[PDB]
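Undergrad: my_file_2.csv (CSV, C-alpha atoms and all ligand atoms) pasted underneath:
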```csv
chain,number,residue,atom,x,y,z
K,3,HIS,CA,-25.6,-44.3,30.0
K,4,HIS,CA,-23.3,-46.4,32.2
K,5,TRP,CA,-19.8,-45.3,31.5
K,6,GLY,CA,-17.1,-45.3,34.0
K,7,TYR,CA,-13.5,-46.3,34.6
K,8,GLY,CA,-13.7,-50.0,35.2
K,9,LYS,CA,-12.6,-52.9,32.8
K,10,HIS,CA,-16.2,-53.3,31.7
K,11,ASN,CA,-17.1,-49.6,31.1
K,12,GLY,CA,-13.8,-47.7,30.9
K,13,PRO,CA,-12.4,-45.4,28.3
K,14,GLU,CA,-11.9,-48.2,25.7
K,15,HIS,CA,-15.7,-48.8,25.7
K,16,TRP,CA,-16.9,-45.2,25.6
K,17,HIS,CA,-16.9,-45.0,21.8
K,18,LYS,CA,-19.9,-47.3,21.5
K,19,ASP,CA,-22.2,-44.8,23.2
K,20,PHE,CA,-20.2,-41.7,22.3
K,21,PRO,CA,-18.7,-42.1,18.8
K,22,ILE,CA,-16.9,-38.7,19.0
K,23,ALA,CA,-14.5,-40.7,21.3
K,24,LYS,CA,-12.5,-41.5,18.1
K,25,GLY,CA,-12.8,-37.9,16.8
K,26,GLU,CA,-10.2,-35.5,15.5
K,27,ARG,CA,-9.7,-33.3,18.6
K,28,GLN,CA,-9.9,-35.5,21.6
K,29,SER,CA,-8.4,-35.0,25.0
K,30,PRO,CA,-6.3,-35.5,26.9
K,31,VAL,CA,-3.0,-35.7,24.9
K,32,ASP,CA,0.7,-36.2,25.6
K,33,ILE,CA,2.6,-32.9,25.6
K,34,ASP,CA,5.9,-33.5,23.9
K,35,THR,CA,8.0,-30.6,25.3
K,36,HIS,CA,10.4,-30.8,22.3
K,37,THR,CA,7.7,-30.5,19.6
K,38,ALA,CA,5.6,-27.8,21.3
K,39,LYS,CA,6.5,-24.4,19.9
K,40,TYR,CA,6.9,-21.1,21.8
K,41,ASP,CA,4.2,-18.8,20.4
K,42,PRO,CA,5.1,-15.1,20.8
K,43,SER,CA,1.6,-14.1,19.7
K,44,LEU,CA,0.0,-15.6,22.9
K,45,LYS,CA,-1.3,-12.6,25.0
K,46,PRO,CA,-0.7,-13.0,28.8
K,47,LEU,CA,-3.1,-15.3,30.9
K,48,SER,CA,-5.5,-13.5,33.2
K,49,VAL,CA,-6.9,-15.5,36.1
K,50,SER,CA,-9.5,-13.3,37.9
K,51,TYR,CA,-10.8,-15.3,40.8
K,52,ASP,CA,-11.0,-12.4,43.4
K,53,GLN,CA,-14.9,-12.5,43.4
K,54,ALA,CA,-15.3,-16.3,43.1
K,55,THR,CA,-18.3,-17.7,45.0
K,56,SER,CA,-18.1,-21.4,45.7
K,57,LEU,CA,-21.4,-23.0,46.7
K,58,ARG,CA,-21.3,-26.8,47.0
K,59,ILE,CA,-19.2,-30.0,46.5
K,60,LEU,CA,-20.8,-33.0,44.8
K,61,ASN,CA,-19.7,-36.6,44.4
K,62,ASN,CA,-21.1,-37.4,41.0
K,63,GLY,CA,-19.9,-41.0,40.8
K,64,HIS,CA,-17.0,-40.1,38.5
K,65,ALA,CA,-15.1,-37.4,40.5
K,66,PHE,CA,-16.2,-34.6,42.8
K,67,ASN,CA,-17.0,-31.2,41.6
K,68,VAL,CA,-16.6,-27.9,43.6
K,69,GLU,CA,-19.3,-25.8,42.1
K,70,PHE,CA,-19.3,-22.0,41.7
K,71,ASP,CA,-21.9,-19.3,41.2
K,72,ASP,CA,-21.7,-18.6,37.5
K,73,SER,CA,-24.8,-16.4,37.3
K,74,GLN,CA,-22.5,-13.4,36.7
K,75,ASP,CA,-18.8,-12.7,35.9
K,76,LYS,CA,-17.5,-13.4,39.4
K,77,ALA,CA,-14.5,-15.6,38.6
K,78,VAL,CA,-13.2,-15.5,35.0
K,79,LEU,CA,-10.4,-16.6,32.7
K,80,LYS,CA,-9.3,-14.3,29.9
K,81,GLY,CA,-6.2,-13.7,27.8
K,82,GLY,CA,-3.7,-16.3,26.7
K,83,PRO,CA,-5.1,-18.0,23.6
K,84,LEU,CA,-8.7,-16.9,24.5
K,85,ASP,CA,-11.0,-14.4,22.9
K,86,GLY,CA,-13.5,-12.9,25.3
K,87,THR,CA,-14.4,-13.9,28.8
K,88,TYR,CA,-14.8,-17.4,30.2
K,89,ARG,CA,-16.8,-17.9,33.5
K,90,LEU,CA,-15.7,-20.4,36.1
K,91,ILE,CA,-18.4,-23.1,36.7
K,92,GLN,CA,-16.7,-25.8,38.6
K,93,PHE,CA,-13.4,-27.5,39.4
K,94,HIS,CA,-12.6,-31.3,39.8
K,95,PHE,CA,-9.7,-33.6,39.8
K,96,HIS,CA,-8.6,-36.9,38.2
K,97,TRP,CA,-6.3,-39.2,40.2
K,98,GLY,CA,-4.7,-42.5,40.5
K,99,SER,CA,-4.6,-45.6,42.7
K,100,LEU,CA,-0.8,-44.9,43.2
K,101,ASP,CA,1.4,-41.8,42.9
K,102,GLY,CA,2.7,-43.0,39.5
K,103,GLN,CA,-0.5,-42.4,37.6
K,104,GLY,CA,-3.6,-40.3,37.8
K,105,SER,CA,-3.1,-37.4,35.4
K,106,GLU,CA,-4.9,-37.2,32.1
K,107,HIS,CA,-2.4,-35.0,30.2
K,108,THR,CA,1.1,-36.3,30.2
K,109,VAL,CA,4.5,-34.4,29.7
K,110,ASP,CA,7.0,-36.4,27.7
K,111,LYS,CA,4.9,-39.5,28.6
K,112,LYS,CA,5.3,-38.6,32.3
K,113,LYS,CA,2.1,-39.2,34.4
K,114,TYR,CA,1.5,-37.1,37.5
K,115,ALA,CA,-0.4,-38.3,40.6
K,116,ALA,CA,-3.4,-36.2,39.7
K,117,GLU,CA,-4.7,-33.4,37.6
K,118,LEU,CA,-7.0,-30.5,38.5
K,119,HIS,CA,-9.4,-29.1,35.9
K,120,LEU,CA,-10.9,-25.6,36.4
K,121,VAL,CA,-13.8,-25.5,33.9
K,122,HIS,CA,-14.9,-22.2,32.3
K,123,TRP,CA,-17.5,-21.4,29.7
K,124,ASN,CA,-17.5,-18.6,27.0
K,125,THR,CA,-20.0,-15.9,28.1
K,127,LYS,CA,-20.8,-15.1,24.4
K,128,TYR,CA,-22.9,-18.2,24.4
K,129,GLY,CA,-25.1,-17.3,27.4
K,130,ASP,CA,-25.1,-20.6,29.2
K,131,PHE,CA,-23.0,-23.7,29.6
K,132,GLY,CA,-25.3,-26.0,27.7
K,133,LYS,CA,-25.0,-23.8,24.6
K,134,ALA,CA,-21.3,-23.3,25.1
K,135,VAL,CA,-20.5,-27.0,24.9
K,136,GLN,CA,-22.0,-27.1,21.3
K,137,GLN,CA,-19.3,-24.6,20.1
K,138,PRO,CA,-15.7,-25.2,19.2
K,139,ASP,CA,-14.6,-22.3,21.4
K,140,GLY,CA,-17.3,-22.8,24.1
K,141,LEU,CA,-15.1,-23.9,27.0
K,142,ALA,CA,-11.6,-23.2,28.5
K,143,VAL,CA,-10.3,-25.8,30.9
K,144,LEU,CA,-7.2,-24.8,33.0
K,145,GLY,CA,-5.4,-27.9,33.8
K,146,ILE,CA,-2.9,-28.1,36.7
K,147,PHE,CA,-0.7,-31.2,37.6
K,148,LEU,CA,-0.4,-32.5,41.1
K,149,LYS,CA,2.8,-34.2,42.3
K,150,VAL,CA,3.2,-35.8,45.7
K,151,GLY,CA,5.6,-33.9,48.1
K,152,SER,CA,4.8,-31.2,50.6
K,153,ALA,CA,1.2,-30.5,51.5
K,154,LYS,CA,-0.9,-27.9,49.7
K,155,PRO,CA,-2.5,-25.7,52.4
K,156,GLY,CA,-5.1,-24.3,50.1
K,157,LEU,CA,-6.3,-27.9,49.3
K,158,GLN,CA,-6.9,-29.0,52.8
K,159,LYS,CA,-10.5,-27.6,53.1
K,160,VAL,CA,-11.3,-29.8,50.1
K,161,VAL,CA,-9.8,-32.9,51.5
K,162,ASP,CA,-11.5,-32.4,54.9
K,163,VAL,CA,-15.0,-32.3,53.4
K,164,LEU,CA,-14.5,-35.6,51.4
K,165,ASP,CA,-15.6,-37.8,54.3
K,166,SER,CA,-19.0,-36.1,54.0
K,167,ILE,CA,-19.5,-36.9,50.3
K,168,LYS,CA,-18.0,-40.4,50.2
K,169,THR,CA,-20.6,-41.9,47.9
K,170,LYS,CA,-22.3,-41.1,44.5
K,171,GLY,CA,-25.0,-38.4,44.8
K,172,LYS,CA,-23.8,-37.0,48.1
K,173,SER,CA,-23.1,-33.2,48.3
K,174,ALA,CA,-22.1,-30.8,51.0
K,175,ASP,CA,-22.3,-27.0,51.4
K,176,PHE,CA,-18.9,-25.6,50.3
K,177,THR,CA,-19.0,-21.8,50.5
K,178,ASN,CA,-16.1,-19.4,50.8
K,179,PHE,CA,-13.5,-21.6,49.2
K,180,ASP,CA,-10.8,-19.7,47.3
K,181,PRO,CA,-9.6,-21.5,44.2
K,182,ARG,CA,-6.6,-19.2,44.1
K,183,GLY,CA,-5.1,-21.4,46.7
K,184,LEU,CA,-4.8,-24.2,44.1
K,185,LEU,CA,-2.6,-22.4,41.6
K,186,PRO,CA,1.2,-22.8,41.3
K,187,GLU,CA,3.5,-19.7,41.3
K,188,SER,CA,4.0,-19.6,37.5
K,189,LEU,CA,1.2,-19.3,34.9
K,190,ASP,CA,3.5,-20.5,32.1
K,191,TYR,CA,1.3,-22.9,30.0
K,192,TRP,CA,0.8,-25.2,27.0
K,193,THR,CA,-2.4,-24.8,24.9
K,194,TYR,CA,-4.1,-26.8,22.2
K,195,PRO,CA,-7.7,-27.4,20.9
K,196,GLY,CA,-9.4,-30.5,22.4
K,197,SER,CA,-12.4,-32.0,24.1
K,198,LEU,CA,-14.1,-32.8,27.3
K,199,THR,CA,-12.2,-35.9,28.8
K,200,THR,CA,-15.4,-37.6,30.0
K,201,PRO,CA,-18.6,-38.4,28.1
K,202,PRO,CA,-20.1,-36.7,26.2
K,203,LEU,CA,-16.5,-36.0,25.0
K,204,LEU,CA,-17.6,-32.9,23.1
K,205,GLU,CA,-15.0,-31.1,21.0
K,206,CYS,CA,-15.5,-27.7,22.5
K,207,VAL,CA,-12.4,-27.0,24.7
K,208,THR,CA,-9.4,-24.7,24.5
K,209,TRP,CA,-7.0,-26.6,26.9
K,210,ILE,CA,-4.6,-24.5,28.9
K,211,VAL,CA,-2.2,-26.7,30.9
K,212,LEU,CA,0.2,-25.1,33.3
K,213,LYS,CA,3.8,-26.2,33.2
K,214,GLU,CA,4.4,-25.9,36.9
K,215,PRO,CA,2.7,-28.7,39.0
K,216,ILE,CA,1.5,-28.0,42.5
K,217,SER,CA,2.7,-30.2,45.3
K,218,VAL,CA,0.2,-32.0,47.6
K,219,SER,CA,1.0,-34.4,50.4
K,220,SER,CA,0.6,-38.2,50.3
K,221,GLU,CA,-1.9,-37.8,53.1
K,222,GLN,CA,-3.9,-35.4,51.0
K,223,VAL,CA,-4.1,-37.7,47.9
K,224,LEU,CA,-4.7,-40.7,50.1
K,225,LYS,CA,-7.9,-39.1,51.2
K,226,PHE,CA,-9.0,-38.6,47.5
K,227,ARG,CA,-8.6,-42.3,47.2
K,228,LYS,CA,-11.0,-43.1,50.0
K,229,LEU,CA,-13.9,-41.7,48.0
K,230,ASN,CA,-16.4,-44.1,46.3
K,231,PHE,CA,-17.7,-44.5,42.8
K,232,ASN,CA,-20.7,-46.4,44.2
K,233,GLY,CA,-23.8,-45.0,45.9
K,234,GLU,CA,-24.6,-45.3,49.6
K,235,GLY,CA,-25.0,-48.8,50.9
K,236,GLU,CA,-23.6,-50.4,47.7
K,237,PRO,CA,-20.5,-52.6,47.6
K,238,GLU,CA,-17.4,-50.4,47.9
K,239,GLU,CA,-15.6,-49.5,44.7
K,240,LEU,CA,-12.9,-47.0,45.6
K,241,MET,CA,-12.8,-43.8,43.5
K,242,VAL,CA,-9.3,-44.3,42.0
K,243,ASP,CA,-7.9,-44.2,38.5
K,244,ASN,CA,-10.7,-41.9,37.1
K,245,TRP,CA,-8.5,-40.7,34.3
K,246,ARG,CA,-8.7,-41.1,30.5
K,247,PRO,CA,-5.3,-42.0,28.9
K,248,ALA,CA,-3.7,-39.8,26.2
K,249,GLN,CA,-5.5,-39.7,22.8
K,250,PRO,CA,-4.1,-39.2,19.3
K,251,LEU,CA,-2.8,-35.7,18.6
K,252,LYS,CA,-3.8,-35.9,14.9
K,253,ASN,CA,-3.7,-32.6,13.1
K,254,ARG,CA,-3.0,-30.4,16.1
K,255,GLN,CA,-0.2,-28.2,17.4
K,256,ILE,CA,0.5,-27.6,21.0
K,257,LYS,CA,1.8,-24.1,21.7
K,258,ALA,CA,3.9,-22.9,24.6
K,259,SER,CA,3.6,-19.6,26.3
K,260,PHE,CA,7.2,-19.6,27.4
K,261,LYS,CA,10.6,-20.1,25.8
K,301,LIG,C1,-17.6,-30.5,33.0
K,301,LIG,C2,-16.9,-31.5,32.3
K,301,LIG,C3,-17.5,-32.5,31.7
K,301,LIG,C4,-16.7,-33.4,31.1
K,301,LIG,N1,-15.3,-33.4,31.1
K,301,LIG,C5,-14.9,-32.3,31.7
K,301,LIG,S1,-13.1,-32.1,31.7
K,301,LIG,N2,-12.6,-33.5,32.4
K,301,LIG,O1,-12.7,-32.2,30.2
K,301,LIG,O2,-12.7,-31.0,32.5
K,301,LIG,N3,-15.6,-31.3,32.3
K,302,NA,NA,-23.6,-23.6,38.4
K,303,ZN,ZN,-11.6,-33.3,34.1
```
If you took the structure in this file and wrote it as structure tokens, what would it be?
TA:
Amino acid sequence: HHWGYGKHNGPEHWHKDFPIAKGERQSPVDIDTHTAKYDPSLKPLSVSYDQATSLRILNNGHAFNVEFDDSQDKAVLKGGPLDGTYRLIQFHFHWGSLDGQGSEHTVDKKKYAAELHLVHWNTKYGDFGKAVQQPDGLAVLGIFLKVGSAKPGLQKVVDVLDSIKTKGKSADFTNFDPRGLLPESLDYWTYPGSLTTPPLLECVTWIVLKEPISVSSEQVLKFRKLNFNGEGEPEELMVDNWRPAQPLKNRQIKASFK
């Protein structure tokens, strides 16, 4: 497969190799704040990252992933809309070529400069590859980025990107604390959806925080110096690696807050 984000292989093309691209529960979606209903049934959200063990950062040709040790329940997401325990496996971002675009989810059609996805899998399925075959197999926590003041807890990430400029490069990335990437509030919207890149599997409970984090222009400029291409190949800057909003269809977005 040769999917990407260019004119010739971008989101409009994905359906030809991944027909679930036109399915009933695809992501991302526009969050219409005046249609999402407060749900008093939602239990509170529990982000338990104290014991998180980051290992490595990888440029995979689509984004970069910060990978975690998910061999035990070290860093988990529970509560909110979720049953059971969801283990953190990696985080990554989607971002734009300019500050006016980059996020996958939108909020009343507003696009943010970027979007962070913390990916977790349901431990009742034993491994990630089994989890993605289940309608409740993954929980992705999504967090918007806006450009303003610098985010200190991001700087370790931006400072390693020079070392993984091209597709297939990785670097050691131990002792990184993903708590530094959260906003103050855990207020959120939630809906059932999918992975936003191929294979586009319909296995995700989306939890999208209301409060964006602020990052500096200098920080996001450094994201945009990454490459989609491999070493020695003609430079294609890693920008605009986001899928646009998909049809909501027969789904309801719930709010944890009034
Ligand atoms: C791990 C993975 C694969 C595909 N898509 C995603 S995403 N962008 O829905 O978080 N994560
Ligand atoms: Na892993
Ligand atoms: Zn993502």
Undergrad: Return the single residue from K:154, K:89, K:257, K:159 that is closest to ligand NA 302 (chain K), with distances computed using all atoms listed in the file.
TA: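 For ligand NA 302 (chain K), the nearest of the given residues is K:89.
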Undergrad: What residues have any atom no more than 9 Å from ligand ZN 303 (chain K) when counting only C-alpha atoms and all ligand atoms, and can you list them as a list in words?
TA: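 Answer in the requested format: residues 65, 93, 94, 95, 96, 106, 117, 118, 119, 120, 121, 143, 145, 198, 199, 200 and 245 of chain K.
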Undergrad: Give me, as a list in words, the set of residues whose atoms come within 6 Å of any atom of ligand NA 302 (chain K), counting only C-alpha atoms and all ligand atoms.
TA: residues 70, 71, 72 and 91 of chain K
Undergrad: If we count all atoms listed in the file and set the cut-off at 10 Å, which residues sit around residue K:47, ignoring sequence neighbours fewer than 4 positions away in its own chain? Please answer as a list in words.
TA: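 Returned residues: residues 79, 80, 81, 82, 83, 84, 189, 190, 191, 210 and 259 of chain K.
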Undergrad: Would you kindly return, as a list in words, each protein, DNA or RNA residue with an atom no farther than 9 Å from any atom of stretch 110-113 of chain K, considering only C-alpha atoms and excluding same-chain residues fewer than 3 positions away?
TA: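 The residues satisfying every condition are residues 32, 33, 34, 35, 36, 101, 102, 103, 104, 105, 106, 107, 116 and 248 of chain K.
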Undergrad: To one decimal place in Å, what is the distance between atom CA of residue K:78 and atom CA of residue K:49?
TA: 6.4 Å
Undergrad: Counting all atoms listed in the file, which residue out of K:149, K:122, K:3, K:182 sits closest to ligand LIG 301 (chain K)?
TA: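 Once distances to ligand LIG 301 (chain K) are computed over all atoms listed in the file, the minimum belongs to K:122.
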Undergrad: Report, as lines of an AutoDock Vina configuration file, the centre and edge lengths in Å (one decimal) of the axis-aligned box enclosing every listed atom of ligand LIG 301 (chain K), padded by 5 Å on each side.
TA:
```
center_x = -15.1
center_y = -32.0
center_z = 31.6
size_x = 15.0
size_y = 13.0
size_z = 12.8
```
Undergrad: Within 10 Å of stretch 16-21 of chain K, counting only C-alpha atoms, which residues show up once you throw out same-chain ones fewer than 5 positions away? Write them as a ChimeraX atom specification, please.
TA: /K:3-7,11,200-204
Undergrad: Nearest to residue K:169 among K:236, K:75, K:52, K:14, with distances taken over all atoms listed in the file: which residue is it?
TA: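 Among K:236, K:75, K:52, K:14, it is K:236 that comes nearest to residue K:169.
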Undergrad: Give the answer as one residue: which of K:174, K:194, K:253, K:85 has the shortest atom-to-atom distance to residue K:46, using all atoms listed in the file?
TA: K:85
Undergrad: Counting only C-alpha atoms and all ligand atoms, which of K:68, K:207, K:163, K:22 gets nearest to ligand LIG 301 (chain K)?
TA: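 Going through K:68, K:207, K:163, K:22 one by one, the smallest distance to ligand LIG 301 (chain K) is for K:207.
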Undergrad: Between K:256, K:153, K:218, K:211, which one has atoms that come closest to ligand LIG 301 (chain K), using only C-alpha atoms and all ligand atoms?
TA: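 Closest candidate: K:211.
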Undergrad: Rounded to one decimal, what separation in Å do you get between atom CA of residue K:98 and atom CA of residue K:181?
TA: 21.9 Å
